[PDB]
Each structure stands twice: as structure tokens, then as C-alpha cells.
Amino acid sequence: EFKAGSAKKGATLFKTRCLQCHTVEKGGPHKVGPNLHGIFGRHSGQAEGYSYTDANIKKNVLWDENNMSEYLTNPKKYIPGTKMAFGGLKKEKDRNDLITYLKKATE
């Protein structure tokens, strides 16, 4: 389901839809949401120093491009009970582009 898209558009989607709550850089600070560096290949709810809902820990997924796409389609449906206040990215090209940027920004 995930196909690599445009990192450049993905960077703008993040600025307007996520940066509000998240930083991406290594060592960056948690805000409302956790810092996201190294999120791919990591278990849900494990960023150091961030205090998660139990449902984000207990979802128990190893983040990759595909379950990230599914999550960002509808976060509170993929993880019922999350404090991530965000409706979701409905359009699949917006998802591929954002995940393309996010991979590059967080690896």
C-alpha cells in the first residue's frame, strides 16, 4: 500500500499538519507530542522521556511505512484512546508524501 512519494511536499504537510505538536530532529524536544526521531523500526510508545497514554504503549506495533499509513489515515481508530488530537490524512498521496519526508527526517 505504501509507495515512495515526494519528500518535498511531505515536508510541507508536516509543517502544516504535525510540526504544531512534533519535532523530528535527533535530540529534539518533546512538545505536546513526542519527538519522532528514530520512530521507524521502533515499538509504539517508547520515545525516551515522553509520557504516553497506555493505549499507545499497548497497541504494540513496530512502526514501518505501512502501519504508519494506516495509523495516519485515522489515528483514534487505529489506537482507540490516544491523546493525539488529529483527524487523519484521508488522501493516500498525502500519506505517501508525508511518510517519505518522515522516513528521511527521522531515520
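For every residue, the number given is its place in the sequence shown, counted from 1.
Annotation for 35 to 43 versus 69 to 77: the higher mean temperature factor (C-alpha) is found in 69 to 77. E25: CA B factor lies in the lowest third for its chain, per the PDB record.
Sorting the modelled residues of the chain by their CA temperature factor places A11 in the lowest third. Among all modelled residues in its chain, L98 ranks in the lowest third by Cα B-factor.
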